[PDB]
Amino acid sequence: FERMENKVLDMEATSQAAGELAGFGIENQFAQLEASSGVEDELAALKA
Amino acid sequence: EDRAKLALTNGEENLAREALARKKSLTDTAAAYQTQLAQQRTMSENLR
Amino acid sequence: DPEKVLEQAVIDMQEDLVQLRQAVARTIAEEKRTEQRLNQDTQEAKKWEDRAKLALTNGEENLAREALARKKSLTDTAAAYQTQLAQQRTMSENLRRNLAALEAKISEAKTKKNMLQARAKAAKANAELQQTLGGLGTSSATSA
Amino acid sequence: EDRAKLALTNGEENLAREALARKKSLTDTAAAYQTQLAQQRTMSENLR
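Residue numbers (the entry's author numbering), protein chains in the order written: chain A, 168 to 215; chain B, 72 to 119; chain C, 24 to 167; chain D, 72 to 119.
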């Protein structure tokens, strides 16, 4: 059970590698989505 | 936009602004196709 | 010969960015691995403190202080691993900055060499016009 | 510069000035290419 758990912990190590990769400088791409979410909320303000 | 008005009628602001995103996406595509149309008409008169 | 060298330098850069990507991924493993340890480890301290509370409930002060020794040993290990984590995060941002810079360096080194090559080739082409015009028809055709 | 305006809209001055650096880099490249264009047109009339 430990041997196969040592591989579980290797998948957790693969998850450190996934997080170690995870930042990309492309997060700014969310911003207009948020702004346009505000726009649809202004359409709610138009509705009432 | 009509689907958005259903959310205006009652219910989901999330649906409403989601439906704005569809409307926007389409609008943007139509501007691209309007641009493409200018290239067609110019090329057409060139051939003519 | 120019094209061979300039392309080769660019080829090298493509290896390098992959090597540093490995090192980043490796560092992600170090953080993941230490998180995995530290998270469990800190609970292990609690578990043995809980075992000590069993002796508090009734019975063995010897067990109770024995269980403190486990708790202490774990605590000490967690401080060591917390220290190790600082070395990982510092090394991670070191790789990150090194890479981001290296990528910009590579990118512009390639692009500048390419546009230089293009303008150099265009320049010699223009010069070859002047040379071929200098290949004037004011020649031995007159002698014929 | 538009990406910079997203940071103006709200959020990251770091993104905003980062985006200025892109804008600058491009501007500088365009001056180099404008210079290259003068060499082309001069060489063109030379050939002509």
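Cβ coordinates follow ideal geometry from the N, Cα and C atoms, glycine included.
(request) For the alpha helix (DSSP H) containing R120 of chain C, list its first residue and its last residue. (result) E84 to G157
(request) Find out if the Cβ-Cβ distance for the pair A145 of chain C, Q110 of chain D is shorter than 9 angstroms. (result) yes
(message) Does the stretch 58-74 of chain C come into contact with the stretch 86-103 of chain C, if we say contact requires no fewer than three beta-carbon pairs (one atom in each stretch) closer than 8 angstroms?
(response) In short, these stretches touch, since the Cβ pair count reaches three.
(message) I need the straight-line Cα distance from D177 of chain A to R44 of chain C, nearest angstrom please.
(response) 19 angstroms
(message) If you measure between the beta carbons of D35 of chain C and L125 of chain C, is that distance less than 9 angstroms?
(response) no
(request) Spell out whether any CB of chain A is found under 9 angstroms from the CB atom of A78 of chain D. (result) True, the Cβ-Cβ gap to chain A drops below 9 angstroms.
(message) So, under 8 angstroms CB-CB, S203 of chain A and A92 of chain B are touching, yes? Tell me the CB distance rounded to an integer number of Å.
(response) Contact between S203 of chain A and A92 of chain B is confirmed by a C-beta separation of about 6 angstroms, below the 8 angstroms threshold.
(message) So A87 of chain B contacts chain A; which residues on that side make the cut at Cβ distance below 8 angstroms?
(response) Ordered by position in chain A, the residues that pass the 8 angstroms Cβ test against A87 of chain B are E207, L210, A211 and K214.
(message) I need the DSSP call for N81 of chain C, collapsed to helix, strand or coil.
(response) Residue state, collapsed to three classes: coil.
(request) Flag this pair as yes or no: are the beta carbons of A32 of chain C and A127 of chain C separated by less than 9 angstroms? (result) no
(request) Please list, in chain order, all residues of the same chain as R112 of chain C whose beta carbon is under 8 angstroms from its beta carbon, the five residues on each side excluded. (result) For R112 of chain C, the CB contacts under 8 angstroms within the same chain, skipping 5 residues up- and downstream, are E54 in chain order.
(message) For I193 of chain A, count the other beta carbons within 10 Å of its own beta carbon; 16 or more makes it buried, fewer makes it exposed. Which is it?
(response) exposed
(request) Have a look at C:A141, C:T50, C:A78 and C:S130 and flag the residue whose alpha-carbon is nearest the alpha-carbon of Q107 of chain C. (result) C:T50
(request) Using alpha carbons as the reference points, say which of B:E84, B:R119, B:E89 and B:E72 lies closest to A211 of chain A. (result) Nearest of B:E84, B:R119, B:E89 and B:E72 to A211 of chain A, Cα basis: B:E84.
(request) Using three-state DSSP, classify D24 of chain C as helix, strand or coil. (result) coil
(request) Mind checking which residues open and close the alpha helix (DSSP H) that includes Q183 of chain A? (result) Per DSSP, the unbroken alpha helix (DSSP H) holding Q183 of chain A starts and ends at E169 to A189.
(message) Cutting at 6 angstroms between CB atoms, please list the residues of its own chain near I129 of chain C, excluding the five before and the five after it.
(response) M36
(request) May I have the straight-line CA-CA distance separating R74 of chain B from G205 of chain A, to the nearest angstrom? (result) 18 angstroms
(message) For residue 58 of chain D, which residues in the same chain have their Cβ closer than 7 angstroms to its Cβ, ignoring the five residues on either side in sequence?
(response) The structure shown does not extend to residue 58 of chain D, since chain D is modelled only from 72 through 119, so no value can be given for it.
(request) Could you tell me the distance, in whole angstroms, from the CA atom of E58 of chain C to the CA atom of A78 of chain D? (result) 34 angstroms
(request) Please list, in chain order, all residues of the same chain as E72 of chain B whose beta carbon is under 6 angstroms from its beta carbon, the five residues on each side excluded. (result) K94
(request) On a CA-only basis, which of C:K76, C:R142 and C:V47 is nearest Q105 of chain D? Give me that one, please. (result) The option with the nearest alpha carbon to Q105 of chain D is C:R142.
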